[PDB]
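Cβ: placed from backbone, ideal geometry, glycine included. Neighbour counts: every protein chain shown. All of the numbers you see were taken from the coordinates with simple rules; none came from a lab.
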Amino acid sequence: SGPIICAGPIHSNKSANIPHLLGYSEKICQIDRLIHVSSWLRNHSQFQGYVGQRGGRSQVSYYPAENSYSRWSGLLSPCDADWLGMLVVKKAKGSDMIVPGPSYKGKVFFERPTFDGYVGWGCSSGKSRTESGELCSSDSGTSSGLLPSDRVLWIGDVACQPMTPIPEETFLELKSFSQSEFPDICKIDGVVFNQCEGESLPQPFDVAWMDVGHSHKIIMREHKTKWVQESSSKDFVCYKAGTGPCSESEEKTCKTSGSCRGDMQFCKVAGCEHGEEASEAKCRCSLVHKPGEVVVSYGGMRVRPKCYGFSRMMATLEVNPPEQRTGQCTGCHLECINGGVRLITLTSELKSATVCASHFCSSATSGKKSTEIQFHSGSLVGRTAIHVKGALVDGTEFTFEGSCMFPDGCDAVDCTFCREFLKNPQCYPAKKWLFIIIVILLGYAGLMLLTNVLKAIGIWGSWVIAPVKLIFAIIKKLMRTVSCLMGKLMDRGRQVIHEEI
Amino acid sequence: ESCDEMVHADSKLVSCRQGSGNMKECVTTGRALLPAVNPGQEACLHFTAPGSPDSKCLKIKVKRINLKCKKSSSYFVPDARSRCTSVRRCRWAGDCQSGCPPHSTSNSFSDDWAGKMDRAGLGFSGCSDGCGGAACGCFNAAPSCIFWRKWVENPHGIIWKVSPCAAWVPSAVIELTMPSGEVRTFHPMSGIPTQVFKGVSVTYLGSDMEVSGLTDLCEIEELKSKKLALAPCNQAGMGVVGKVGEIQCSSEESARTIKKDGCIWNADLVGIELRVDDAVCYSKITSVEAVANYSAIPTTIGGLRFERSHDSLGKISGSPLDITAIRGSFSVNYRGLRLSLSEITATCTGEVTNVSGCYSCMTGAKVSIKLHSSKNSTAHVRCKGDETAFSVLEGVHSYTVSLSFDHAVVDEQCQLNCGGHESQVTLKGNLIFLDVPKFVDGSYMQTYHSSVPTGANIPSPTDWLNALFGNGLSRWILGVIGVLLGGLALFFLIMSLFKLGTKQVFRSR
Ligand SMILES: *[C@@H]1O[C@H](CO)[C@@H](O[C@@H]2O[C@H](CO)[C@@H](O)[C@H](O)[C@H]2NC(C)=O)[C@H](O)[C@H]1NC(C)=O
Ligand SMILES: *[C@@H]1O[C@H](CO)[C@@H](O)[C@H](O)[C@H]1NC(C)=O
Ligand SMILES: *[C@@H]1O[C@H](CO)[C@@H](O)[C@H](O)[C@H]1NC(C)=O
Ligand SMILES: *[C@@H]1O[C@H](CO)[C@@H](O)[C@H](O)[C@H]1NC(C)=O
Ligand SMILES: *[C@@H]1O[C@H](CO)[C@@H](O)[C@H](O)[C@H]1NC(C)=O
């Protein structure tokens, strides 16, 4: 859970040397003692002393606190990678601000990965960070010459590893694609990203990022990862019992020589041999605890990244004052052709309009420029107060007024109910005479065919079939005169036959 | 400058005052039952004071009486795509041993996940089993663990405003005015008040004209291009899969960018299937632009033409086809409105100039009068039939009023008075008859006329001939005899030649 090669150092010198070793195993043994910070301080910051007082590496505080990539030990921090030979950490710059993260009181040095690279901040001897982090305040507490491990801070969670380079052609297509995800970010830490002709006050935002090594990194929002154990040729670092790491010559020979005691995982690959031996183990070891190496599968093409992290960052947001409006129309005018107004629009076409007449309303046909609107025919007399309201395309709302002249006492109907109550104008004044003449002519030749009926009655022809039914009714009535004769005769005869006694 | 449907308001409830250089001032509480009248006219609330010889009016004017809808609730629907992320591990570390160690997944069990950001949206973390071994990239011959997270995002940036409602009760728009100088327009609904503006609340009572077919239907309206439609939708809160309303959100500040909090969504919309080593997901959501019964701006559902009206509240209106009728009424409730009375009499005299217009019509007859006044009082022109009020100005001016007559000649006498100077005027003119308007193709009406005159449509004497004949009692008889004689001889003289055209078909050719 953090102890990789050995326990925590103690140190005795007030100002020692830290000689540079050549063995990679010796290097990985050295990292666990928290010496990269000391090398970064004694080389450039001029500070004399040592960091990580009997605390080791696992006790370094993290701003995320409870976070992944920390329960393991094989992951490489950016400082370890930098001391392993990758890109040099840039010096502190006055144009880079500090994200308002955790409390900085009591800390002595921290680092932050930016868009261009990685930066680090610290103070000289006898000074420490304040609660905010603008200046180094002198404190008597940091004067005993010993600095505990918790005073070194790291921001965000990161994993860095060797990567396979790619041609630039497959990289640029990423940068454009990542720029289509956020049409809001314009400038990040003074680095152009888009063209918005306007900035705003930068605000912190926490995102993930992927490092390729060709340009100013890549911002990550959605992506699928894949952990691969690999462990092909060189993934194991180890030591001896108590003494520490073995010699460089032993490490070089162990991969090619014969009998080399070790874990069965290393045994199955190295080419180990077995035989009678004693307690003379030749740097026996195993495989270092780490999940492996990460790959990224962004929409098709895949790439192994140099670094992979999640942290806070400084950026701006686009701002635009779109509130301008337009007004209403541009010199529209209202006409009146026949029984209805006619709207005219010059700026653009008409989407929908609602004409309000004296005692009616109507909706425009919509679609054209010089639209025509017709009301109900029959009642548009007198002087009106036409009032229109509507909206055009491209977001404009327009209202207008106006009027026109319409017939006052003109109706102009041919033959309906509108005339019989009005014989005074009735459109053509010399028109009632036609009605009078026609009606009197029809009245005279609608009574002439009544005297013919009166003198020659047409029902006498039907007076020949009714007497037929009367004859049948009479025959039915006189039918009954026979039964009252025959039955009575039979009854009288039967009575007379039996009346003799 | 006109009025109609007087109610004379209510007196004896006013409480008089005094001070500040005349201007008696008053406060009143009461009620009224002004009629609805047709859209275009106005009904007023002529006030009175027991002592002062001045009055102030309160007129209600209606423009549109359309069939707008109610509003149970409102919400904002954003369009959403589907996004997914996946992470593969190997069974070598001390973090995972076999799938999910507990009964159910808790928190996220890992960092870097796209759920700690701001634009991520709602998510559902899950774990599953995938391939493991030498062929896949693990050092253990056991199935590996796959951790997947699914969410939704909103590229573009459209936003839909939805209001589920099935009432469709008649409504109207009115232009209320205070007595002094104020004018404000608002829209009452048939059953609910319209809030207190300055002490006057006016509510409408309709007839509840049922529509033919209208199930649960919601008016949806885009907020970028302003495109309106009617589509089925569910009530606020619960989201049933199938209709619009699955990405329910309430605030147009977190609707464009979907946030974890602020609104509620359902599951089974971003369903994820696991591959051999990764995870890819496809959305089952349906955009609101095509769901079911998605209509457009012009529609003819039932017997009502649902056009689009340009207002501030309820921007979807129905409309009848030919004329139709709705019999409703307003009910003004005034609580603490204040009115100022001059308490000074002034000269007021005038006479009419001309009358013209309709018979018993839908608009009445306009009468134009000319007045010479030295005050700001309100006239009270009254007659045998209707009565009207308006506002007179300083100096000499002319005004027009609407009076509804019944016969084809006007000779009545009025009793015009403004302030304190009751006098007499006269009337004179001729009027014509114009019937109810017909229907003509190409016109889409958008109003519910609230009154139609019928039952007095018959031909009449003593005017059927005044433009046909002379003018006089004996002239009528002389003209009748003349018109009877004018044609009898002509008709009965053609009898001689009638046979010449009648017997050709019945005799030799
Ligand atoms: C910190 O100081 C040490 C001490 O010189 C530097 O170590 C040197 O590294 C170079 C190349 O890596 C070697 O050629 C030298 O032999 C090293 N010096 C010694 C004394 O062994 C180290 O490079 C410095 N780190 C910096 C400047 O970032
Ligand atoms: C470090 O300590 C050793 C003795 O342990 C001493 O010889 C050496 O000079 C010290 N290094 C210094 C003082 O730089
Ligand atoms: C949509 O139209 C179909 C057509 O028949 C109808 O049956 C259905 O009820 C309509 N949908 C809704 C939600 O009313
Ligand atoms: C009626 O009088 C008014 C004066 O206000 C005048 O404008 C109008 O033309 C007159 N109309 C007729 C028909 O005399
Ligand atoms: C009377 O009315 C006119 C016009 O409406 C106005 O200018 C004037 O101020 C009014 N009189 C008073 C005393 O306010």
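Points to keep in mind about this one:
- Enumeration of residues in the range A:438-448 that are within 7 Å of another protein chain (Cβ to nearest Cβ) and loosely packed, with under 15 Cβ neighbours inside 10 Å: A:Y444
- Flag if B:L431 is touching a strand residue (DSSP E or B) at 6+ places or on another chain (Cβ under 7 Å), more than 10 Å from chain A (Cβ to nearest Cβ) and either in a loop (DSSP other than H, G, I, E, B) or more than 30 Å from B:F306 (Cβ to Cβ) (or both): no
- Strands (runs of 3 or more DSSP E) enclosed by the range B:184-262 - at least 2 residues per element that are more than 16 Å from ligand 2 (Cβ to nearest atom) and among the aliphatic types (A, V, I, L, M): B:200-205, B:228-231
- Of the criteria (1) in contact (Cβ under 8 Å) with a residue 12 or more places away in the chain; (2) more than 14 Å from chain A (Cβ to nearest Cβ); (3) more than 16 Å from ligand 4 (Cβ to nearest atom), which one B:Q424 fails: (1)
- Any hit, the range A:146-154, residues being part of a loop (DSSP other than H, G, I, E, B) and farther than 20 Å from A:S73 by Cβ: no
- Qualifying positions in the range B:442-481 - outside any loop (DSSP other than H, G, I, E, B) and within 12 Å of chain A (Cβ to nearest Cβ): B:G479, B:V480
- Test: A:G339 is touching a residue at least 40 places away in the same chain (Cβ under 8 Å) and within 11 Å of chain B (Cβ to nearest Cβ): yes
- Checking the stated criteria, B:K284 turns out not to satisfy the condition of being among the basic types (K, R) and without any contact (Cβ under 8 Å) to a residue 12 or more places away in the chain.
- Test: residue in the range B:392-400 that is under 32 Å from the mean Cα position of the chain (by Cα), within 14 Å of chain A (Cβ to nearest Cβ) and away from ligand 3 (no atom under 16 Å from the Cβ): yes
- Leading residue by the ranking (nearest to the chain's Cα centre (by Cα)) among those in the range A:268-295 that are outside any loop (DSSP other than H, G, I, E, B) and of a type in the set (A, V, I, L, M): A:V295
- Elements of type strands (runs of 3 or more DSSP E) contained in the range A:156-252, each with 1 or more residues being among the β-branched types (V, I, T), out of contact with any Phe, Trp or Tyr (no Cβ under 6 Å at 6 or more places or on another chain) and farther than 25 Å from B:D118 by Cα: A:225-228
- Scoring A:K217 on the criteria (1) at negative phi; (2) more than 7 Å from chain B (Cβ to nearest Cβ); (3) not hydroxyl-bearing (S, T, Y) leaves a single failure, condition (1).
- Scope the range A:371-387; condition closer than 16 Å to A:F398 by Cα and not aliphatic (A, V, I, L, M); matching residues: A:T371, A:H387
- Scanning the range B:49-99 for residues that are in contact with a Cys (Cβ under 9 Å, 6 or more places away or on another chain), within 14 Å of another protein chain (Cβ to nearest Cβ) and of a type in the set (D, E, K, R) gives B:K63, B:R64, B:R83, B:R88, B:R89, B:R91.
- Single residue of the range B:311-334 satisfying the filter (crowded, with 16+ Cβ neighbours inside 10 Å and within 11 Å of chain A (Cβ to nearest Cβ)) that is farthest from ligand 1 (Cβ to nearest atom): B:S319
- Residue in the range A:387-404 that is farther than 30 Å from B:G40 by Cα and within 11 Å of chain B (Cβ to nearest Cβ) present: yes
- Scanning the range A:202-256 for residues that are acidic (D, E) and surrounded by 14 or more Cβ atoms within 10 Å (Cβ to Cβ) yields A:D206, A:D211, A:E222, A:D235, A:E248, A:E250, A:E251.
- Options A:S370, A:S366; residue that is within 44 Å of the chain's Cα centre (by Cα), surrounded by fewer than 19 Cβ atoms within 10 Å (Cβ to Cβ) and within 12 Å of chain B (Cβ to nearest Cβ): A:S366
- Candidate set from the range B:372-398 (those that are crowded, with 19+ Cβ neighbours inside 10 Å and within 15 Å of ligand 5 (Cβ to nearest atom)); member that is nearest to B:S356 (Cα to Cα): B:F390
- Single match in A:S352, A:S311, A:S358, A:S297 (criterion: surrounded by 13 or more Cβ atoms within 10 Å (Cβ to Cβ), within 14 Å of chain B (Cβ to nearest Cβ), under 30 Å from B:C136 (Cβ atoms) and of a type in the set (G, A, S)): A:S297
- Of all residues in the range B:343-352, those being surrounded by fewer than 19 Cβ atoms within 10 Å (Cβ to Cβ) and within 16 Å of ligand 5 (Cβ to nearest atom) number 5.
- Residue in the range B:439-451 that is over 30 Å from A:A353 (Cα atoms), touching a residue at least 60 places away in the same chain (Cβ under 8 Å) and not charged (D, E, K, R) present: no
- Candidate set: the range A:405-416, residues that are touching a strand residue (DSSP E or B) at 6+ places or on another chain (Cβ under 9 Å) and free of Cβ contacts under 8 Å to residues at least 40 places away in the same chain; chosen: the one nearest to the other protein chains (Cβ to nearest Cβ): A:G409
Quick grid of which residues meet (1) touching a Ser or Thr at 6+ places or on another chain (Cβ under 6 Å); (2) in contact (Cβ under 8 Å) with a residue 60 or more places away in the chain; (3) crowded, with 16+ Cβ neighbours inside 10 Å:
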| position | (1), (2), (3) |
| --- | --- |
| A:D263 | yes, no, no |
| A:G271 | no, no, no |
| A:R325 | no, no, no |
| A:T345 | no, no, yes |
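- Tally, over the range A:1-49, of residues that are outside any loop (DSSP other than H, G, I, E, B) and of a type outside the set (A, V, I, L, M, F, W, C): 12
- Answer residue from the range B:353-371, given it is away from chain A (no Cβ under 14 Å) and buried (at least 19 other Cβ atoms within 10 Å of the Cβ) and is farthest from ligand 3 (Cβ to nearest atom) among those: B:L371
- In the range A:430-459, the residues that are in contact (Cβ under 8 Å) with a residue 40 or more places away in the chain never reach a residue that is part of a helix (DSSP H, G or I) and aliphatic (A, V, I, L, M) with C-beta atoms less than 8 angstrom apart, at least six apart or across chains.
- Among the residues of the range A:256-267, those that are within 13 Å of chain B (Cβ to nearest Cβ) and outside any loop (DSSP other than H, G, I, E, B) comprise A:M264, A:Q265, A:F266.
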